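Trainee: What follows is data07.cif; its format and atoms are mmCIF, C-alpha atoms and all ligand atoms.
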```cif
data_structure
#
loop_
_atom_site.label_atom_id
_atom_site.label_comp_id
_atom_site.auth_asym_id
_atom_site.auth_seq_id
_atom_site.Cartn_x
_atom_site.Cartn_y
_atom_site.Cartn_z
CA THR A 15 0.00 0.00 0.00
CA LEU A 16 0.97 3.67 -0.20
CA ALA A 17 3.40 5.07 2.39
CA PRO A 18 1.99 8.04 4.35
CA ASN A 19 4.84 10.33 3.25
CA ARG A 20 3.78 10.21 -0.42
CA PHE A 21 1.34 12.39 -2.36
CA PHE A 22 -1.28 10.62 -4.47
CA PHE A 23 -3.76 12.15 -6.92
CA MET A 24 -6.22 10.23 -9.05
CA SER A 25 -8.02 12.13 -11.78
CA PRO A 26 -9.23 11.91 -15.39
CA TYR A 27 -6.61 14.60 -16.15
CA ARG A 28 -3.31 13.44 -14.57
CA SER A 29 -3.02 10.59 -12.09
CA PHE A 30 0.27 10.25 -10.22
CA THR A 31 2.19 9.57 -7.06
CA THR A 32 5.28 11.31 -5.70
CA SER A 33 8.44 10.34 -3.87
CA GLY A 34 10.74 12.37 -1.69
CA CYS A 35 10.71 16.07 -0.89
CA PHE A 36 12.83 18.67 -2.66
CA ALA A 37 11.32 21.69 -0.89
CA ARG A 38 8.35 22.49 1.30
CA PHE A 39 6.35 25.60 0.43
CA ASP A 40 4.14 27.09 3.16
CA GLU A 41 3.65 30.63 1.83
CA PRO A 42 0.03 31.81 2.25
CA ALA A 43 -1.92 31.70 -0.99
CA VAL A 44 -3.73 34.97 -0.24
CA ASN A 45 -3.64 37.24 -3.30
CA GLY A 46 -2.27 34.29 -5.31
CA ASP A 47 -4.44 35.35 -8.21
CA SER A 48 -1.83 38.11 -8.79
CA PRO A 49 1.44 37.21 -10.59
CA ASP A 50 3.03 39.96 -8.47
CA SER A 51 1.91 38.45 -5.19
CA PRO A 52 4.58 37.00 -2.91
CA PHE A 53 2.86 33.63 -3.29
CA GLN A 54 3.34 33.59 -7.09
CA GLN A 55 6.77 35.22 -6.98
CA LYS A 56 8.10 32.68 -4.49
CA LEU A 57 6.42 29.82 -6.36
CA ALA A 58 8.30 30.92 -9.49
CA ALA A 59 11.57 31.26 -7.57
CA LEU A 60 11.17 27.79 -6.12
CA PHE A 61 10.54 26.14 -9.48
CA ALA A 62 13.60 27.88 -10.92
CA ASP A 63 15.65 26.62 -8.00
CA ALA A 64 14.39 23.04 -8.39
CA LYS A 65 15.46 23.01 -12.05
CA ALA A 66 18.79 24.63 -11.15
CA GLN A 67 19.38 21.71 -8.81
CA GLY A 68 18.52 19.12 -11.41
CA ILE A 69 14.83 18.49 -10.78
CA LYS A 70 13.41 17.95 -14.23
CA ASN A 71 9.74 18.85 -14.71
CA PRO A 72 9.20 19.96 -11.08
CA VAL A 73 5.69 19.84 -9.69
CA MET A 74 4.15 21.62 -6.70
CA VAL A 75 1.64 19.40 -4.86
CA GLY A 76 -0.48 19.56 -1.77
CA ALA A 77 -3.29 21.43 -0.02
CA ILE A 78 -4.21 25.08 0.52
CA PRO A 79 -6.49 25.96 3.48
CA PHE A 80 -10.02 27.37 3.36
CA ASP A 81 -8.62 30.71 4.56
CA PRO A 82 -5.58 31.39 2.33
CA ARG A 83 -4.08 33.88 4.80
CA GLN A 84 -3.10 30.75 6.72
CA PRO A 85 0.02 28.81 5.71
CA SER A 86 -0.17 26.40 2.78
CA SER A 87 0.69 22.69 2.89
CA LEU A 88 2.51 22.46 -0.45
CA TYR A 89 5.78 20.91 -1.55
CA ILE A 90 7.94 19.99 -4.52
CA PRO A 91 8.75 16.24 -4.45
CA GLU A 92 12.00 14.70 -5.69
CA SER A 93 10.13 12.73 -8.34
CA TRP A 94 6.68 11.86 -9.59
CA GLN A 95 5.23 8.73 -11.18
CA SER A 96 2.22 8.68 -13.50
CA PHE A 97 -0.20 5.76 -13.29
CA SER A 98 -3.30 4.71 -15.24
CA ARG A 99 -6.55 5.78 -13.56
CA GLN A 100 -8.38 3.03 -15.49
CA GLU A 101 -5.94 0.35 -14.28
CA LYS A 102 -6.26 1.64 -10.71
CA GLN A 103 -10.08 1.54 -10.97
CA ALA A 104 -9.91 -2.12 -12.09
CA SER A 105 -7.39 -3.21 -9.41
CA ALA A 106 -8.68 -1.56 -6.22
CA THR A 110 -10.36 -4.88 1.65
CA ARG A 111 -9.08 -4.71 5.23
CA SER A 112 -6.04 -5.23 7.39
CA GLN A 113 -7.15 -4.32 10.91
CA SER A 114 -10.20 -4.40 13.12
CA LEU A 115 -10.35 -1.04 14.92
CA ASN A 116 -12.12 -0.32 18.18
CA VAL A 117 -13.71 3.06 18.82
CA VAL A 118 -12.60 4.68 22.06
CA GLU A 119 -14.32 8.00 21.46
CA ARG A 120 -16.59 9.48 18.80
CA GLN A 121 -17.79 13.06 19.02
CA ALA A 122 -19.95 15.18 16.74
CA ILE A 123 -18.72 18.75 16.69
CA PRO A 124 -21.20 20.34 17.12
CA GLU A 125 -24.04 18.09 18.13
CA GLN A 126 -27.42 18.06 16.40
CA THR A 127 -29.34 20.71 18.38
CA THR A 128 -26.44 23.15 18.23
CA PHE A 129 -25.88 22.63 14.49
CA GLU A 130 -29.61 23.04 13.82
CA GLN A 131 -29.57 26.38 15.68
CA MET A 132 -26.50 27.46 13.71
CA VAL A 133 -28.37 26.66 10.49
CA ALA A 134 -31.40 28.63 11.67
CA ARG A 135 -29.19 31.63 12.46
CA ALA A 136 -27.48 31.49 9.06
CA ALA A 137 -30.81 31.13 7.25
CA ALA A 138 -32.06 34.19 9.16
CA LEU A 139 -29.00 36.15 8.05
CA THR A 140 -29.48 35.07 4.42
CA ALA A 141 -32.97 36.58 4.49
CA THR A 142 -31.42 40.04 4.93
CA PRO A 143 -29.91 42.16 2.14
CA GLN A 144 -26.42 41.87 3.58
CA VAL A 145 -25.82 38.16 2.78
CA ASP A 146 -27.33 35.74 0.28
CA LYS A 147 -25.68 32.45 1.23
CA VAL A 148 -23.52 30.97 3.96
CA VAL A 149 -21.91 27.54 3.96
CA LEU A 150 -21.82 25.98 7.43
CA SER A 151 -19.94 22.85 8.38
CA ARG A 152 -19.40 20.31 11.13
CA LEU A 153 -16.99 17.62 12.22
CA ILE A 154 -16.86 14.10 13.56
CA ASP A 155 -13.82 13.29 15.72
CA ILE A 156 -13.00 9.62 16.21
CA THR A 157 -10.30 8.09 18.40
CA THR A 158 -9.44 4.45 17.85
CA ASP A 159 -7.31 2.24 20.06
CA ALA A 160 -4.69 1.56 17.36
CA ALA A 161 -2.78 3.52 14.74
CA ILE A 162 -4.75 3.76 11.52
CA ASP A 163 -3.31 2.27 8.31
CA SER A 164 -3.71 5.20 5.93
CA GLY A 165 -2.64 3.08 2.97
CA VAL A 166 -5.37 0.48 3.44
CA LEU A 167 -7.84 3.33 3.83
CA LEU A 168 -6.74 4.90 0.55
CA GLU A 169 -7.33 1.66 -1.35
CA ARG A 170 -10.82 1.29 0.15
CA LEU A 171 -11.52 4.96 -0.66
CA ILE A 172 -10.64 4.38 -4.34
CA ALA A 173 -12.67 1.18 -4.55
CA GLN A 174 -15.72 2.88 -3.03
CA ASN A 175 -15.26 6.10 -5.08
CA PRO A 176 -13.67 5.01 -8.37
CA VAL A 177 -14.65 8.11 -10.31
CA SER A 178 -13.94 11.00 -7.95
CA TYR A 179 -10.77 13.07 -7.57
CA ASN A 180 -9.11 10.93 -4.95
CA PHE A 181 -6.23 12.41 -2.97
CA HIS A 182 -3.75 11.51 -0.22
CA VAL A 183 -1.63 14.40 1.08
CA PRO A 184 1.18 14.04 3.63
CA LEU A 185 1.15 16.82 6.20
CA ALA A 186 3.86 18.58 8.16
CA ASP A 187 2.59 17.30 11.53
CA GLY A 188 2.86 13.66 10.48
CA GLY A 189 -0.82 13.32 9.57
CA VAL A 190 -2.47 12.58 6.23
CA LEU A 191 -5.29 14.38 4.42
CA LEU A 192 -7.31 11.87 2.40
CA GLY A 193 -10.56 12.27 0.42
CA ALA A 194 -12.78 11.53 -2.56
CA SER A 195 -13.68 14.94 -3.87
CA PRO A 196 -16.39 15.21 -6.55
CA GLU A 197 -15.75 18.90 -7.20
CA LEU A 198 -13.26 20.35 -9.65
CA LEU A 199 -12.30 23.87 -8.69
CA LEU A 200 -9.78 24.65 -11.50
CA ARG A 201 -8.08 22.59 -14.18
CA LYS A 202 -5.63 24.26 -16.57
CA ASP A 203 -4.22 22.40 -19.58
CA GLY A 204 -2.55 24.76 -22.02
CA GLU A 205 -4.57 27.91 -22.59
CA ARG A 206 -7.86 26.26 -21.61
CA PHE A 207 -9.28 25.88 -18.14
CA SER A 208 -12.38 24.44 -16.60
CA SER A 209 -14.28 24.46 -13.33
CA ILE A 210 -17.28 22.32 -12.30
CA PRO A 211 -18.89 23.82 -9.17
CA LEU A 212 -21.32 21.61 -7.24
CA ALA A 213 -24.16 22.89 -5.10
CA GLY A 214 -27.49 21.28 -4.32
CA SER A 215 -27.78 17.75 -3.02
CA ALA A 216 -30.18 14.82 -2.95
CA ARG A 217 -29.68 11.32 -1.62
CA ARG A 218 -29.09 8.46 -4.04
CA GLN A 219 -31.58 5.57 -3.92
CA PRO A 220 -30.77 1.86 -4.52
CA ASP A 221 -33.68 1.33 -6.94
CA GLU A 222 -33.19 2.74 -10.43
CA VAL A 223 -36.73 4.12 -10.46
CA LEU A 224 -36.50 5.88 -7.11
CA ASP A 225 -32.97 7.00 -7.95
CA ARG A 226 -33.98 8.68 -11.23
CA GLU A 227 -36.85 10.29 -9.33
CA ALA A 228 -34.49 11.71 -6.70
CA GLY A 229 -32.35 13.23 -9.46
CA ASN A 230 -35.34 14.70 -11.28
CA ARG A 231 -36.63 16.10 -7.97
CA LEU A 232 -33.25 17.76 -7.36
CA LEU A 233 -33.28 19.35 -10.79
CA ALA A 234 -36.77 20.74 -10.16
CA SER A 235 -36.00 21.84 -6.58
CA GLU A 236 -36.24 25.62 -6.20
CA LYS A 237 -34.10 25.62 -3.04
CA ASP A 238 -31.24 23.63 -4.58
CA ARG A 239 -31.39 25.52 -7.90
CA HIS A 240 -31.19 28.77 -5.92
CA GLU A 241 -28.34 27.46 -3.77
CA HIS A 242 -26.62 26.53 -7.04
CA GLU A 243 -27.20 29.68 -9.08
CA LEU A 244 -25.68 31.85 -6.36
CA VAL A 245 -22.44 29.93 -6.96
CA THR A 246 -22.40 30.05 -10.72
CA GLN A 247 -23.38 33.71 -11.10
CA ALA A 248 -20.52 34.83 -8.83
CA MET A 249 -17.99 32.67 -10.68
CA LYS A 250 -19.20 33.77 -14.13
CA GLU A 251 -18.72 37.45 -13.27
CA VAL A 252 -15.18 36.94 -11.99
CA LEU A 253 -14.08 34.62 -14.76
CA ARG A 254 -15.60 36.78 -17.52
CA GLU A 255 -12.93 39.41 -16.93
CA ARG A 256 -9.94 37.02 -16.98
CA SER A 257 -10.91 34.74 -19.84
CA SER A 258 -10.70 35.37 -23.57
CA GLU A 259 -13.65 33.06 -24.09
CA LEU A 260 -16.05 31.46 -21.63
CA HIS A 261 -18.88 28.95 -22.11
CA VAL A 262 -21.31 28.30 -19.25
CA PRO A 263 -24.66 26.47 -19.74
CA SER A 264 -27.80 28.26 -18.56
CA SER A 265 -28.84 25.40 -16.28
CA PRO A 266 -27.02 22.89 -14.09
CA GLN A 267 -26.86 19.20 -14.86
CA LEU A 268 -27.12 16.19 -12.59
CA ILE A 269 -23.97 14.36 -11.51
CA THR A 270 -23.59 11.55 -9.00
CA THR A 271 -21.36 10.25 -6.32
CA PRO A 272 -22.00 6.90 -4.63
CA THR A 273 -24.08 8.69 -1.97
CA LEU A 274 -25.45 11.84 -3.56
CA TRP A 275 -26.92 13.52 -6.57
CA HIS A 276 -25.52 17.04 -7.04
CA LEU A 277 -26.27 19.89 -9.38
CA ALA A 278 -23.20 20.80 -11.46
CA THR A 279 -22.40 23.56 -13.98
CA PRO A 280 -19.26 23.21 -16.12
CA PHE A 281 -17.23 26.29 -16.93
CA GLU A 282 -14.99 26.06 -20.02
CA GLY A 283 -12.74 29.00 -20.81
CA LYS A 284 -9.49 30.18 -22.31
CA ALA A 285 -6.92 32.18 -20.35
CA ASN A 286 -3.91 34.25 -21.34
CA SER A 287 -0.18 33.93 -20.72
CA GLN A 288 -0.38 35.78 -17.39
CA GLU A 289 -2.33 32.88 -15.84
CA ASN A 290 -1.44 29.52 -14.35
CA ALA A 291 -3.46 26.88 -12.52
CA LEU A 292 -2.90 28.57 -9.18
CA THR A 293 -3.65 32.18 -10.25
CA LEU A 294 -7.05 31.01 -11.51
CA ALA A 295 -7.60 28.61 -8.58
CA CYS A 296 -6.85 31.43 -6.11
CA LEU A 297 -9.12 33.77 -8.07
CA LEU A 298 -12.01 31.38 -7.49
CA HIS A 299 -11.29 29.76 -4.16
CA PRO A 300 -13.52 29.58 -2.15
CA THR A 301 -16.64 29.94 -4.26
CA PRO A 302 -20.14 30.31 -2.78
CA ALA A 303 -20.09 26.50 -2.69
CA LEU A 304 -17.72 26.58 0.29
CA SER A 305 -17.86 30.09 1.81
CA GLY A 306 -20.94 31.92 0.55
CA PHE A 307 -22.02 35.11 -1.12
CA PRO A 308 -20.86 37.77 -0.67
CA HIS A 309 -17.61 36.06 0.27
CA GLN A 310 -16.44 38.39 3.06
CA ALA A 311 -19.81 38.62 4.76
CA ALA A 312 -20.20 34.83 4.55
CA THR A 313 -16.77 34.16 6.11
CA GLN A 314 -17.59 36.55 8.96
CA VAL A 315 -20.77 34.56 9.67
CA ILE A 316 -18.79 31.31 9.47
CA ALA A 317 -16.24 32.67 11.96
CA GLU A 318 -19.05 33.78 14.27
CA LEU A 319 -20.89 30.42 14.22
CA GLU A 320 -18.51 27.46 13.71
CA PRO A 321 -16.88 26.23 16.97
CA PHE A 322 -13.67 25.15 15.23
CA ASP A 323 -11.25 26.35 12.56
CA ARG A 324 -11.59 24.63 9.20
CA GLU A 325 -7.83 24.67 8.51
CA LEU A 326 -7.43 22.59 5.30
CA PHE A 327 -11.07 21.50 5.20
CA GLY A 328 -12.93 23.39 2.53
CA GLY A 329 -9.65 24.45 0.94
CA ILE A 330 -8.22 23.06 -2.30
CA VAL A 331 -5.91 20.16 -3.07
CA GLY A 332 -3.99 19.24 -6.21
CA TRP A 333 -0.94 20.35 -8.15
CA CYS A 334 0.72 22.92 -10.43
CA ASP A 335 3.75 22.46 -12.71
CA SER A 336 6.31 25.04 -13.85
CA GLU A 337 4.55 25.47 -17.18
CA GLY A 338 1.32 26.62 -15.56
CA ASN A 339 -0.68 23.41 -15.96
CA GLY A 340 -2.44 21.96 -12.95
CA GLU A 341 -5.56 20.77 -11.24
CA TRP A 342 -7.23 21.86 -8.02
CA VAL A 343 -10.23 20.19 -6.42
CA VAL A 344 -12.23 21.21 -3.39
CA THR A 345 -11.17 19.58 -0.12
CA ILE A 346 -14.42 17.80 0.85
CA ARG A 347 -15.56 14.22 1.48
CA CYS A 348 -12.28 14.05 3.31
CA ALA A 349 -10.56 13.28 6.60
CA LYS A 350 -7.42 14.23 8.48
CA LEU A 351 -5.80 11.32 10.26
CA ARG A 352 -2.81 11.04 12.55
CA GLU A 353 -1.96 7.87 14.48
CA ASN A 354 -5.20 6.81 16.20
CA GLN A 355 -7.15 10.01 15.60
CA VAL A 356 -9.39 11.03 12.73
CA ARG A 357 -11.37 14.14 11.90
CA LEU A 358 -14.14 14.06 9.25
CA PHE A 359 -15.65 17.19 7.69
CA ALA A 360 -18.82 18.15 5.84
CA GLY A 361 -20.58 21.38 4.94
CA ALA A 362 -23.82 22.59 3.39
CA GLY A 363 -24.87 25.78 1.67
CA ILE A 364 -27.51 27.67 3.70
CA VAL A 365 -30.18 29.83 2.05
CA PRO A 366 -33.64 31.05 3.23
CA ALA A 367 -35.22 27.78 2.11
CA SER A 368 -32.80 25.67 4.21
CA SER A 369 -34.32 23.49 6.95
CA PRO A 370 -32.23 23.02 10.15
CA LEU A 371 -32.96 19.29 10.19
CA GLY A 372 -32.52 19.06 6.43
CA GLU A 373 -29.01 20.50 6.54
CA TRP A 374 -28.07 18.33 9.52
CA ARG A 375 -29.08 15.37 7.39
CA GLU A 376 -27.37 16.70 4.24
CA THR A 377 -24.03 17.05 6.07
CA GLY A 378 -24.68 13.62 7.56
CA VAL A 379 -24.91 11.98 4.15
CA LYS A 380 -21.74 13.82 3.08
CA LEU A 381 -19.88 12.47 6.11
CA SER A 382 -20.92 8.94 5.13
CA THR A 383 -18.36 8.88 2.28
CA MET A 384 -15.49 8.78 4.75
CA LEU A 385 -17.48 6.82 7.37
CA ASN A 386 -17.87 4.13 4.68
CA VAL A 387 -14.09 4.14 4.08
CA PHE A 388 -13.52 3.43 7.79
CA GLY A 389 -16.24 0.77 7.90
CA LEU A 390 -18.40 2.86 10.22
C1 LIG B 401 -19.11 21.69 1.68
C2 LIG B 401 -19.55 20.60 1.04
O1 LIG B 401 -20.35 20.61 -0.12
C3 LIG B 401 -20.35 21.75 -0.97
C4 LIG B 401 -20.00 21.23 -2.36
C5 LIG B 401 -20.99 20.20 -2.87
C6 LIG B 401 -22.44 20.29 -2.34
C7 LIG B 401 -22.85 21.40 -1.39
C8 LIG B 401 -24.38 21.55 -1.09
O2 LIG B 401 -25.17 21.02 -1.92
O3 LIG B 401 -24.83 22.13 -0.07
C9 LIG B 401 -21.79 22.35 -0.85
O4 LIG B 401 -21.86 23.57 -1.64
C10 LIG B 401 -19.21 19.22 1.56
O5 LIG B 401 -19.39 18.24 0.81
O6 LIG B 401 -18.78 19.06 2.71
MG MG B 402 -26.63 21.86 -0.17
#
```
Represent the structure from my file as structure tokens, please.

Mentor:
Amino acid sequence: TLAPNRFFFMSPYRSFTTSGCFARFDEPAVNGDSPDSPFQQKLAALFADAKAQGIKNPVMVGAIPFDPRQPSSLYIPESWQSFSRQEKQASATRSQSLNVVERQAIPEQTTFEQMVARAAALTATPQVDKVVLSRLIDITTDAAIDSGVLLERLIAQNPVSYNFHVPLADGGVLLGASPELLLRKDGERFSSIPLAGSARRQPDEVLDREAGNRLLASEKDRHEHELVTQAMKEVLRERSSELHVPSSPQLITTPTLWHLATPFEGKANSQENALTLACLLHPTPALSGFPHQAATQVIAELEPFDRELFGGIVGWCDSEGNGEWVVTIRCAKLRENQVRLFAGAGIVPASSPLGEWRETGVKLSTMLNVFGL
């Protein structure tokens, strides 16, 4: 299985692992949409240094937190190794039986439901339209957790998603099956596929198609979604030479959920790379809200924890400007015998406190399934 000190990224674009560590890069990504930012300037310096020291085709990999004024968890590895996503899907079980010493919802149901009610109340006012609220599950086991076994189970349960495994500076691992592309850049073209709006999958094909059709006709979820795509369209319109965005979202699936999705396909100029555009977008109203600053204030006032890397982005950038960044969701941080799971939900005036408790619950089940819980 995969050692915990290696980066792993599985995607229809590039799928690869890494080995070694040439240089860690913890510069905050704030203002990274600007080529003149210290983030971009130091990124460029570090790539030039890697090549000067004989690293061919250097890549920058890792995770950027929800709040990009915080330090990043990025690094250049010594080497990288492509693999076939299709072959991995075909190949991908247990090694240990784990006991649960403690399991704690943070916050608990009544508290989260009151948070949702407060956020919904705020979204009824002119000052904010949408706020994404989140919660955690902390689990302590009695034995160190085999992150490599977990990764293989994660892939087998989520063969199609953007599956990642990120070594962290504190010895932990960030692992997840993200369904949400934030920014892919491949030559001059770029894409983004925001997700917002959720309905539970059903085991029967008839009920399942009905859930999807219900989601597409749901005013609440379509509103929750259009607040994301309108904000993104406005920003991207001024930094793209062409941009195609469909008028309506389409249905996509994970193993647990239907989501509404809108693809963005654009062309960018020579000033841009995968991280300038990813930092321009991140976080969208899928993960913070709209307007962004007002939403993050409400998040800070209501969540009894710091998100850190949760709700950030994870992926990679090379020295030519190509890269891929996905939203850090359906994910967990683990270290030794401790695990933290994360899930959020976009709150609007039509949100129900119980409904959003349940929505975040279904989201948490992706990683609960990986652990066998
Ligand atoms: C913050 C999360 O979901 C975001 C992205 C997909 C669906 C969402 C929703 O439908 O509410 C959220 O905007 C999460 O999965 O933890
Ligand atoms: Mg939602």

Trainee: With all atoms listed in the file counted and 9 Å as the cut-off, give the residues of range 159-205 of chain A in contact with range 287-300 of chain A, each with its shortest interatomic distance in Å and the pair that gives it, as a tab-separated table.

Mentor:
```
residue	atom	partner	partner_atom	distance
A:199	CA	A:295	CA	6.7
A:200	CA	A:295	CA	5.4
A:201	CA	A:291	CA	6.5
A:202	CA	A:291	CA	5.3
A:203	CA	A:291	CA	8.4
A:205	CA	A:287	CA	7.7
```

Trainee: Counting only C-alpha atoms, which of A:249, A:367, A:162, A:75 gets nearest to residue 22 in chain A?

Mentor: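 Result for the nearest residue to residue 22 in chain A: A:75.
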
Trainee: Contacts of residue 26 in chain A at 9 Å or less, counting only C-alpha atoms, minus same-chain residues fewer than 6 places along, as number ranges by chain?

Mentor: A: 99-100, 177-179

Trainee: Choose the residue, out of A:214, A:321, A:302, A:79, that has the smallest atom-to-atom separation from residue 122 in chain A; count only C-alpha atoms.

Mentor: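 Of all the options, A:321 lies closest to residue 122 in chain A.
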
Trainee: Which residues are near ligand MG 402 (chain B) - at most 10 Å, using all atoms listed in the file? Format: as a list in words.

Mentor: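 Here is the list of contacting residues: residues 149, 150, 212, 213, 214, 215, 216, 237, 238, 239, 241, 242, 276, 277, 303, 361, 362, 363, 364, 365, 368, 372, 373, 376, 377 and 380 of chain A.
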
Trainee: Record the distance separating atom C9 of ligand LIG 401 (chain B) and CA of residue 381 in chain A, expressed in Å with one decimal.

Mentor: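 Taking atom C9 of ligand LIG 401 (chain B) as the start and CA of residue 381 in chain A as the end point, the length is 12.2 Å.
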
Trainee: Find the residues around residue 24 in chain A up to 10 Å (only C-alpha atoms counted), leave out those fewer than 3 positions away in its own chain, and share them as a list in words.

Mentor: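 Final neighbour list, sorted by chain and number: residues 27, 28, 29, 30, 31, 96, 97, 98, 99, 100, 102, 103, 172, 176, 177, 178, 179, 180, 181, 182, 194 and 332 of chain A.
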
Trainee: Write out as a list in words which residues come within 7 Å of residue 130 in chain A when counting all atoms listed in the file, dropping same-chain ones fewer than 4 positions away.

Mentor: residues 126, 134, 370, 371 and 374 of chain A

Trainee: Ranking A:279, A:355, A:230, A:45 by minimum distance to ligand LIG 401 (chain B) and counting all atoms listed in the file, which one comes first?

Mentor: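 Smallest separation from ligand LIG 401 (chain B) among the options: A:279.
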
Trainee: For the atom pair CA of residue 91 in chain A and CA of residue 76 in chain A, what is the interatomic distance in Å to one decimal place?

Mentor: 10.2 Å

Trainee: So how many Å separate CA of residue 47 in chain A and CA of residue 254 in chain A, to one decimal?

Mentor: 14.6 Å

Trainee: Which residues are close to residue 184 in chain A, i.e. within 9 Å by all atoms listed in the file, leaving aside same-chain residues fewer than 4 positions away? Reply as a ChimeraX atom specification.

Mentor: /A:18-21,76,87,188-192

Trainee: Centre and edge lengths, as lines of an AutoDock Vina configuration file, for the axis-aligned box enclosing every listed atom of ligand LIG 401 (chain B) with 3 Å of padding on each of the six sides, in Å to one decimal?

Mentor:
```
center_x = -22.0
center_y = 20.9
center_z = -0.1
size_x = 12.4
size_y = 11.3
size_z = 11.6
```

Trainee: Find the residue from A:63, A:95, A:15, A:81 that sits nearest to residue 44 in chain A; use all atoms listed in the file when measuring.

Mentor: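 Result for the nearest residue to residue 44 in chain A: A:81.
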
Trainee: Looking at A:344, A:136, A:58, A:331, which one is nearest to residue 314 in chain A, with distances taken over only C-alpha atoms?

Mentor: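 Of A:344, A:136, A:58, A:331, the one nearest residue 314 in chain A, counting only C-alpha atoms, is A:136.
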
Trainee: Compute the distance from (-21.0, 32.3, 1.5) to each atom, counting all atoms listed in the file, keep the residues with any atom at most 9 Å away, and return them as a list in words; use the coordinates of the file.

Mentor: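 Result, sorted by chain then residue number: residues 145, 146, 147, 148, 149, 150, 245, 300, 301, 302, 303, 304, 305, 306, 307, 308, 309, 310, 311, 312, 313, 315, 316, 363 and 364 of chain A.
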